[PDB]
Amino acid sequence: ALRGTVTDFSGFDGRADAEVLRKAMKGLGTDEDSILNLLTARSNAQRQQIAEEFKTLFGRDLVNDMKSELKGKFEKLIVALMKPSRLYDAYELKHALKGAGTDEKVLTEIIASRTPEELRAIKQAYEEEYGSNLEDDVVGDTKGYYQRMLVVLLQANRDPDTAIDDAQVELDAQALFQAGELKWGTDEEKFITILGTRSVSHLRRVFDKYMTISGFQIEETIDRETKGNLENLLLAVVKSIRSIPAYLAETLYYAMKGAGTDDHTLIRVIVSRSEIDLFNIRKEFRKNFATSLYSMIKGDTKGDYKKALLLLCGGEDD
Ligand SMILES: [Ca+2]
Ligand SMILES: [Ca+2]
Ligand SMILES: [Ca+2]
Ligand SMILES: [Ca+2]
Ligand SMILES: [Ca+2]
């Protein structure tokens with residue numbers, strides 16, 4: 001089903017690669033091209049072996065050297081590529097959760113698009129690396145029903161996907177209907193329980209049945225009924241239930257579409273997903289926004305930063 005764009009290099013020689021990186025950084029100047037070309041052609045697991053080979057050979061920390069050598073978004077991108085996959089999302093959450101100014105967008109984006117299996121793994125690493133419990137931090141920086149929805153998601157206790165029970169589908173569609181459009185005000189608690197705990201396959205049927213019953217797509221009602229953080233979260237969960245790739249492909253588009261670029265989001269989605277479903281993200285991107293993810297990036301991004309991105313991305317036609 002899911003297809004990433006980066007895979008294990010076959011003739012991988014951890015030690016050979018390490019000296020190419022040493023050569024590329026020794027002396028004045030930097031051969032940002034050898035780095036960029038080597039690192040985007042190796043999987044994340046290989047990038048980690050390369051990192052330790054470099055240390056056992058030169059007694060130097062690879063990431064630390066590049067940090068001092070590279071500059072700008074190119075650096076930020078290459079630094080993101082070096083982060084172990086099992087730690088990156090935790091890392092991104094901690095930096096958004098550094099709530100002197102919490103970045104809800106990132107919280108909503110990661111928590112809504114990651115599966116329960118991924119949420120569990122993410123909560124694990126986060127505590128092992130930051131000696132903090134993810135939930136505690138979230139509850140600490142967020143308030144209201146937004147905070148509640150995230151904690152519901154954080155439990156990673158979504159029902160399993162079993163045979164759909166039509167009566168059950170009718171029950172839930174009608175319930176959301178009464179909890180929103182037919183109610184003076186909104187019963188957000190009801191939306192959160194259903195959207196946050198029913199299985200994915202079940203909710204897909206509910207969204208369809210809800211359409212038939214009310215004449216509205218759940219997304220429209222959500223926009224009619226809610227506002228702010230909760231709305232975004234609810235839209236993100238709904239969109240993810242329908243298709244994680246499409247949701248991610250959509251968040252990518254809007255990161256660029258406007259003027260300039262939301263480099264962080266562009267970096268996070270591409271890196272975090274390069275080895276999961278970035279190929280799929282690419283298809284749903286073309287399908288909808290009419291342009292290739294490639295062409296889109298290629299035209300928004302500059303220099304080296306643009307080249308590494310295009311290499312990780314790939315697919316001119318997608
Ligand atoms: Ca140098
Ligand atoms: Ca620097
Ligand atoms: Ca209402
Ligand atoms: Ca609204
Ligand atoms: Ca632009």
# chains A, B, ... in the order shown; residues from 1 in each chain; ligands from 1
$ residues_around --residues "stretch 256-262 of chain A" --least-positions-apart "4" --cutoff "7 Å" --atoms "only C-alpha atoms" --output "ChimeraX atom specification"
/A:252,266,300
$ write_last_selection --atoms "N, CA and C atoms" --output "PDB file, in the first residue's frame"
ATOM      1  N   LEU A 252       0.932  20.169   2.729  1.00  0.00           N
ATOM      2  CA  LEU A 252       2.141  20.516   1.991  1.00  0.00           C
ATOM      3  C   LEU A 252       1.801  21.658   1.052  1.00  0.00           C
ATOM      4  N   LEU A 266       7.349  22.178   5.386  1.00  0.00           N
ATOM      5  CA  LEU A 266       7.827  21.540   4.163  1.00  0.00           C
ATOM      6  C   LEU A 266       8.924  20.535   4.502  1.00  0.00           C
ATOM      7  N   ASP A 300       9.567  26.816  -5.637  1.00  0.00           N
ATOM      8  CA  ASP A 300       9.473  27.581  -4.396  1.00  0.00           C
ATOM      9  C   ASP A 300      10.810  27.672  -3.656  1.00  0.00           C
TER      10      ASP A 300
END
$ residues_near_ligand --ligand "ligand 3" --cutoff "9 Å" --atoms "only C-alpha atoms and all ligand atoms" --output "count of residues only"
14
$ closest_atom_pairs --of "chain A" --to "ligand 1" --cutoff "7 Å" --atoms "only C-alpha atoms and all ligand atoms" --output "CSV"
residue,atom,partner,partner_atom_place_in_ligand_line,distance
A:25,CA,ligand 1,1 (Ca),4.3
A:26,CA,ligand 1,1 (Ca),4.9
A:27,CA,ligand 1,1 (Ca),4.8
A:28,CA,ligand 1,1 (Ca),4.4
A:29,CA,ligand 1,1 (Ca),4.4
A:30,CA,ligand 1,1 (Ca),4.9
A:69,CA,ligand 1,1 (Ca),5.9
$ closest_residue --among "A:213, A:253, A:97, A:277" --to "ligand 5" --atoms "only C-alpha atoms and all ligand atoms"
A:253
$ residues_around --residues "stretch 50-67 of chain A" --least-positions-apart "4" --cutoff "12 Å" --atoms "only C-alpha atoms" --output "NGL selection string"
:A and (12-26 or 29-32 or 35-36 or 38-39 or 42-46 or 71-84)
$ residues_near_ligand --ligand "ligand 4" --cutoff "12 Å" --atoms "only C-alpha atoms and all ligand atoms" --output "list in words"
residues 219, 220, 221, 222, 223, 224, 225, 226, 227, 228, 229, 230, 231, 232, 233, 234 and 235 of chain A
$ residues_around --residues "residue A:282" --least-positions-apart "2" --cutoff "7 Å" --atoms "only C-alpha atoms" --output "ChimeraX atom specification"
/A:249,278-280,284-286,293,318
$ closest_residue --among "A:91, A:105, A:47, A:143" --to "residue A:124" --atoms "only C-alpha atoms"
A:91
$ residues_around --residues "residue A:96" --least-positions-apart "4" --cutoff "12 Å" --atoms "only C-alpha atoms" --output "list in words"
residues 89, 90, 91, 92, 100, 101, 102, 103, 104, 105, 106, 107, 108, 109, 110, 134, 137, 138, 141, 142, 264 and 265 of chain A
$ write_last_selection --atoms "N, CA, C and O atoms" --output "compact mmCIF listing (two decimals), in the first residue's frame"
# COMPACT_ATOMS: atom_id res chain seq x y z
N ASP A 89 9.53 12.60 15.29
CA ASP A 89 8.23 13.14 15.66
C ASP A 89 8.22 13.61 17.11
O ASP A 89 7.60 14.63 17.43
N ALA A 90 8.90 12.88 17.98
CA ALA A 90 8.97 13.27 19.39
C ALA A 90 9.70 14.61 19.44
O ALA A 90 9.26 15.53 20.12
N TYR A 91 10.80 14.68 18.71
CA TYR A 91 11.63 15.88 18.62
C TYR A 91 10.83 17.10 18.15
O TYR A 91 10.98 18.21 18.68
N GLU A 92 10.00 16.90 17.14
CA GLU A 92 9.20 17.98 16.58
C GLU A 92 8.09 18.40 17.53
O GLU A 92 7.72 19.57 17.57
N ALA A 100 6.27 28.25 25.42
CA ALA A 100 6.33 29.63 25.89
C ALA A 100 5.40 30.22 24.83
O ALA A 100 4.69 31.21 25.05
N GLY A 101 5.42 29.54 23.69
CA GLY A 101 4.61 29.86 22.54
C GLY A 101 4.41 28.51 21.86
O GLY A 101 5.22 28.10 21.03
N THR A 102 3.35 27.81 22.24
CA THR A 102 3.08 26.49 21.66
C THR A 102 2.67 26.60 20.20
O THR A 102 1.92 27.50 19.82
N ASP A 103 3.18 25.69 19.38
CA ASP A 103 2.84 25.66 17.96
C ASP A 103 1.77 24.59 17.76
O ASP A 103 2.08 23.43 17.47
N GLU A 104 0.51 24.98 17.94
CA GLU A 104 -0.61 24.07 17.80
C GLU A 104 -0.69 23.39 16.44
O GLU A 104 -1.06 22.23 16.35
N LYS A 105 -0.34 24.12 15.39
CA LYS A 105 -0.37 23.55 14.06
C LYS A 105 0.38 22.22 14.04
O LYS A 105 -0.16 21.20 13.62
N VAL A 106 1.62 22.23 14.51
CA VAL A 106 2.45 21.03 14.54
C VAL A 106 1.83 19.94 15.41
O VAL A 106 1.86 18.76 15.03
N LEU A 107 1.29 20.32 16.56
CA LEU A 107 0.66 19.36 17.46
C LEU A 107 -0.50 18.68 16.74
O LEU A 107 -0.60 17.46 16.71
N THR A 108 -1.38 19.50 16.17
CA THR A 108 -2.54 19.01 15.45
C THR A 108 -2.14 18.13 14.27
O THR A 108 -2.75 17.10 14.02
N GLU A 109 -1.10 18.57 13.56
CA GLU A 109 -0.61 17.85 12.40
C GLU A 109 -0.05 16.47 12.72
O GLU A 109 -0.38 15.49 12.05
N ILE A 110 0.80 16.38 13.74
CA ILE A 110 1.38 15.08 14.10
C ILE A 110 0.39 14.15 14.79
O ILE A 110 0.25 13.00 14.41
N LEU A 134 4.63 12.94 27.38
CA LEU A 134 4.00 13.74 26.33
C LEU A 134 2.64 14.31 26.69
O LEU A 134 2.36 15.49 26.45
N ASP A 137 2.81 17.27 29.14
CA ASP A 137 3.26 18.48 28.46
C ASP A 137 2.14 19.10 27.62
O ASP A 137 1.95 20.32 27.63
N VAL A 138 1.42 18.26 26.89
CA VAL A 138 0.33 18.75 26.05
C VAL A 138 -0.72 19.41 26.92
O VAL A 138 -1.10 20.56 26.69
N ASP A 141 0.32 22.81 28.03
CA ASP A 141 0.34 23.93 27.10
C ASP A 141 -0.99 24.23 26.40
O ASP A 141 -1.17 25.32 25.85
N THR A 142 -1.92 23.28 26.42
CA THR A 142 -3.21 23.47 25.76
C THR A 142 -4.38 23.55 26.73
O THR A 142 -4.29 23.07 27.86
N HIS A 264 9.60 25.00 7.66
CA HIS A 264 9.53 23.98 8.69
C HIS A 264 8.57 22.86 8.32
O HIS A 264 8.93 21.68 8.37
N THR A 265 7.34 23.22 7.96
CA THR A 265 6.34 22.24 7.58
C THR A 265 6.78 21.47 6.36
O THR A 265 6.62 20.25 6.29
$ closest_residue --among "A:217, A:163, A:239, A:98" --to "residue A:195" --atoms "only C-alpha atoms"
A:239
$ residues_around --residues "stretch 210-212 of chain A" --least-positions-apart "3" --cutoff "12 Å" --atoms "only C-alpha atoms" --output "PDB file with N, CA, C and O atoms, in the first residue's frame"
ATOM      1  N   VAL A 169     -23.686   2.468  12.392  1.00  0.00           N
ATOM      2  CA  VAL A 169     -23.338   3.577  11.504  1.00  0.00           C
ATOM      3  C   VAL A 169     -24.466   4.611  11.503  1.00  0.00           C
ATOM      4  O   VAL A 169     -24.218   5.817  11.469  1.00  0.00           O
ATOM      5  N   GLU A 170     -25.703   4.126  11.536  1.00  0.00           N
ATOM      6  CA  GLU A 170     -26.886   4.990  11.551  1.00  0.00           C
ATOM      7  C   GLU A 170     -26.978   5.732  12.878  1.00  0.00           C
ATOM      8  O   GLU A 170     -27.361   6.899  12.924  1.00  0.00           O
ATOM      9  N   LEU A 171     -26.646   5.034  13.956  1.00  0.00           N
ATOM     10  CA  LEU A 171     -26.684   5.608  15.291  1.00  0.00           C
ATOM     11  C   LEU A 171     -25.745   6.798  15.416  1.00  0.00           C
ATOM     12  O   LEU A 171     -26.129   7.857  15.913  1.00  0.00           O
ATOM     13  N   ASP A 172     -24.508   6.606  14.971  1.00  0.00           N
ATOM     14  CA  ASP A 172     -23.490   7.640  15.050  1.00  0.00           C
ATOM     15  C   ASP A 172     -23.705   8.821  14.113  1.00  0.00           C
ATOM     16  O   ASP A 172     -23.399   9.955  14.472  1.00  0.00           O
ATOM     17  N   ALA A 173     -24.222   8.568  12.915  1.00  0.00           N
ATOM     18  CA  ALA A 173     -24.478   9.653  11.967  1.00  0.00           C
ATOM     19  C   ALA A 173     -25.588  10.558  12.522  1.00  0.00           C
ATOM     20  O   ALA A 173     -25.471  11.782  12.519  1.00  0.00           O
ATOM     21  N   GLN A 174     -26.656   9.937  13.012  1.00  0.00           N
ATOM     22  CA  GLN A 174     -27.790  10.655  13.595  1.00  0.00           C
ATOM     23  C   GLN A 174     -27.382  11.418  14.865  1.00  0.00           C
ATOM     24  O   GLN A 174     -27.869  12.518  15.130  1.00  0.00           O
ATOM     25  N   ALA A 175     -26.480  10.827  15.641  1.00  0.00           N
ATOM     26  CA  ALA A 175     -25.995  11.433  16.877  1.00  0.00           C
ATOM     27  C   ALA A 175     -25.220  12.714  16.614  1.00  0.00           C
ATOM     28  O   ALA A 175     -25.407  13.714  17.306  1.00  0.00           O
ATOM     29  N   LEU A 176     -24.334  12.682  15.624  1.00  0.00           N
ATOM     30  CA  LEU A 176     -23.541  13.858  15.272  1.00  0.00           C
ATOM     31  C   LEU A 176     -24.469  14.944  14.766  1.00  0.00           C
ATOM     32  O   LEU A 176     -24.255  16.134  15.002  1.00  0.00           O
ATOM     33  N   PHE A 177     -25.494  14.515  14.046  1.00  0.00           N
ATOM     34  CA  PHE A 177     -26.488  15.410  13.484  1.00  0.00           C
ATOM     35  C   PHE A 177     -27.176  16.192  14.599  1.00  0.00           C
ATOM     36  O   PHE A 177     -27.266  17.419  14.541  1.00  0.00           O
ATOM     37  N   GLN A 178     -27.654  15.481  15.619  1.00  0.00           N
ATOM     38  CA  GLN A 178     -28.324  16.121  16.752  1.00  0.00           C
ATOM     39  C   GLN A 178     -27.350  16.915  17.629  1.00  0.00           C
ATOM     40  O   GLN A 178     -27.728  17.919  18.228  1.00  0.00           O
ATOM     41  N   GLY A 180     -24.895  18.634  16.608  1.00  0.00           N
ATOM     42  CA  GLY A 180     -24.447  19.839  15.945  1.00  0.00           C
ATOM     43  C   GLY A 180     -25.515  20.705  15.300  1.00  0.00           C
ATOM     44  O   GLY A 180     -26.025  21.637  15.921  1.00  0.00           O
ATOM     45  N   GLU A 181     -25.859  20.395  14.052  1.00  0.00           N
ATOM     46  CA  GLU A 181     -26.842  21.177  13.311  1.00  0.00           C
ATOM     47  C   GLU A 181     -28.198  21.349  13.998  1.00  0.00           C
ATOM     48  O   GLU A 181     -28.772  22.440  13.971  1.00  0.00           O
ATOM     49  N   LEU A 203     -15.905   5.003  10.772  1.00  0.00           N
ATOM     50  CA  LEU A 203     -16.145   6.423  10.582  1.00  0.00           C
ATOM     51  C   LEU A 203     -16.263   6.835   9.121  1.00  0.00           C
ATOM     52  O   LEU A 203     -16.904   7.834   8.802  1.00  0.00           O
ATOM     53  N   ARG A 204     -15.649   6.076   8.225  1.00  0.00           N
ATOM     54  CA  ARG A 204     -15.736   6.411   6.814  1.00  0.00           C
ATOM     55  C   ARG A 204     -17.188   6.226   6.381  1.00  0.00           C
ATOM     56  O   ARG A 204     -17.735   7.035   5.644  1.00  0.00           O
ATOM     57  N   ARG A 205     -17.813   5.159   6.864  1.00  0.00           N
ATOM     58  CA  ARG A 205     -19.206   4.886   6.548  1.00  0.00           C
ATOM     59  C   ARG A 205     -20.099   5.937   7.200  1.00  0.00           C
ATOM     60  O   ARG A 205     -21.084   6.374   6.613  1.00  0.00           O
ATOM     61  N   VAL A 206     -19.745   6.346   8.415  1.00  0.00           N
ATOM     62  CA  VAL A 206     -20.503   7.364   9.140  1.00  0.00           C
ATOM     63  C   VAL A 206     -20.506   8.704   8.395  1.00  0.00           C
ATOM     64  O   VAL A 206     -21.537   9.360   8.303  1.00  0.00           O
ATOM     65  N   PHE A 207     -19.348   9.109   7.879  1.00  0.00           N
ATOM     66  CA  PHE A 207     -19.222  10.369   7.148  1.00  0.00           C
ATOM     67  C   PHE A 207     -20.129  10.375   5.914  1.00  0.00           C
ATOM     68  O   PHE A 207     -20.679  11.415   5.532  1.00  0.00           O
ATOM     69  N   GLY A 215     -27.375  16.257   4.344  1.00  0.00           N
ATOM     70  CA  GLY A 215     -27.136  17.023   3.139  1.00  0.00           C
ATOM     71  C   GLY A 215     -25.818  17.780   3.232  1.00  0.00           C
ATOM     72  O   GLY A 215     -25.458  18.520   2.321  1.00  0.00           O
ATOM     73  N   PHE A 216     -25.101  17.602   4.340  1.00  0.00           N
ATOM     74  CA  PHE A 216     -23.807  18.258   4.546  1.00  0.00           C
ATOM     75  C   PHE A 216     -22.710  17.212   4.689  1.00  0.00           C
ATOM     76  O   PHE A 216     -22.970  16.089   5.121  1.00  0.00           O
ATOM     77  N   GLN A 217     -21.482  17.585   4.332  1.00  0.00           N
ATOM     78  CA  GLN A 217     -20.340  16.694   4.513  1.00  0.00           C
ATOM     79  C   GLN A 217     -19.962  17.042   5.951  1.00  0.00           C
ATOM     80  O   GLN A 217     -20.183  18.173   6.380  1.00  0.00           O
ATOM     81  N   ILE A 218     -19.409  16.093   6.700  1.00  0.00           N
ATOM     82  CA  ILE A 218     -19.044  16.375   8.086  1.00  0.00           C
ATOM     83  C   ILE A 218     -18.110  17.588   8.193  1.00  0.00           C
ATOM     84  O   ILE A 218     -18.192  18.365   9.150  1.00  0.00           O
ATOM     85  N   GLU A 219     -17.246  17.771   7.196  1.00  0.00           N
ATOM     86  CA  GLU A 219     -16.312  18.900   7.179  1.00  0.00           C
ATOM     87  C   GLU A 219     -17.028  20.244   7.211  1.00  0.00           C
ATOM     88  O   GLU A 219     -16.614  21.159   7.920  1.00  0.00           O
ATOM     89  N   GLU A 220     -18.095  20.367   6.423  1.00  0.00           N
ATOM     90  CA  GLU A 220     -18.864  21.605   6.362  1.00  0.00           C
ATOM     91  C   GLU A 220     -19.524  21.895   7.701  1.00  0.00           C
ATOM     92  O   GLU A 220     -19.538  23.034   8.165  1.00  0.00           O
ATOM     93  N   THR A 221     -20.090  20.861   8.314  1.00  0.00           N
ATOM     94  CA  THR A 221     -20.746  21.033   9.602  1.00  0.00           C
ATOM     95  C   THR A 221     -19.709  21.472  10.614  1.00  0.00           C
ATOM     96  O   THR A 221     -19.935  22.397  11.395  1.00  0.00           O
TER      97      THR A 221
END
$ closest_residue --among "A:311, A:190, A:68, A:292" --to "ligand 2" --atoms "only C-alpha atoms and all ligand atoms"
A:68
